[PDB]
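One chain comes next, on its own, written out as structure tokens in the form deposited in one PDB entry.
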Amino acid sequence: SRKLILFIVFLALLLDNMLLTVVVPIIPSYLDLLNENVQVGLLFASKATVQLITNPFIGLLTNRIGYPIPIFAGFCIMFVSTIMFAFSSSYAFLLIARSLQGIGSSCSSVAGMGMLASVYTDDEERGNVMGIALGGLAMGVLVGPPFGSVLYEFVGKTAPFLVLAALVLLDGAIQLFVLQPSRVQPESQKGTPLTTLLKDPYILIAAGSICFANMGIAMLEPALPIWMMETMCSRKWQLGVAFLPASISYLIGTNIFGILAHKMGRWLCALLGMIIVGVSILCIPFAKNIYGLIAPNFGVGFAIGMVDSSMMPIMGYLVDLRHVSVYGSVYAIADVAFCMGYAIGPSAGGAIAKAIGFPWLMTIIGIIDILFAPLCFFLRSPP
């Protein structure tokens, strides 16, 4: 049934973000409050840029041959990424494995969201199922850091990666049992061209909303006071703890608020999420140390869950209303906007760091978010 596809997408994004985020206890092994590292900048941005580039081709590919085959391709390349990643002694091998993992993340996310939207035609529980998928993303990024840390500090370096690989194999067994991509299943009608879809005001407004929210995240994580040379208290706790607040708030907000955002007015959800994101990003620089950095994360993650659960079903619904019922290209647009923030995070952050200080960057990012928030009013009554 439909819930089975929902579970497939849930666990696919769960394992995807688990593999994405389990790296954090391992990044220290390779070599005022907020500072950037050029070594982690390429590590943080190579996956994002590769996945950025790889998105629209996969959208067209799902439009061409079907949904399950790209998901199984995501299985194959994520498994080979884990295999080449556990043994990745060198930094170049690490970057190449991250790029392969990015291709896998692109196909998994785009195809899963597209088929989840296609099977769930009506918008009443469409928001619910996209909220559940994003909750799977949040749960994966929540369980990543501490699982990786305990497996690294109790067994060894390769043990978390091998255990995650076994979990991926169980996932792929489930995929083969469920989707069965035995034959190519072409779509009934040709989809709306990607270039024509970018000539749309509302789609671009939603894409900019998601891009600015994820940029609000992405300008902070590579610059967190983590993964230095050494620590007085040996650190090793912040590595597994620092992503608890944002992930917990994302999970809670998305899961509890998708249905109520459908009820109350989803443009209102977008606007409130943008306002709270701006407030949180603007109040990050007013923190003396990492002691006070925990509080604004609970707000920024909550509001970015708001934005994601309030714009991904709109990405589906705008094309459902004003275009043909083909979702691959529009969800490729949604995800390319979703990841452009992470892709341009390190370079833009470093340039603006060389120019001015970080607190001014946080204030200007919050100002842009606040000024862009009223533009979500245009989505109340789309023709």
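Take the two forms, find the largest set of C-alpha atoms that superpose within 1.5 Å, and that set is the rigid core. Counting begins at 1, following the sequence as shown.
Modelling of residue 320 is complete across the other compared entries in which both of its neighbours are modelled; not even a third of them leave it out. At least a third of the other compared entries skip residue 36 while keeping the residues on either side.
In terms of unmodelled positions of the deposited sequence, the stretch from residue 31 to residue 32 in this entry skips 10 or more residues.
Not pictured, yet referred to below: the form deposited in another entry.
The residue that stands out in 207, 272, 239, 168 is 239, the single one whose Cα moves by 2 angstroms or more between this form and the one not shown on a rigid core fit. A displacement of less than 2 angstroms separates the C-alpha positions of residue 79 between this form and the one not shown, with the rigid core held in common. The two forms, fitted on the rigid core, differ between this form and the one not shown by less than 2 Å at the CA of residue 53.
Relative to the superposed rigid core, the position of the CA of residue 227 differs between this form and the one not shown by 2 Å or more.
Here's the thing about residue 226 and residue 369: their CA atoms end up at least 3 Å closer in the other form than they are in this form.
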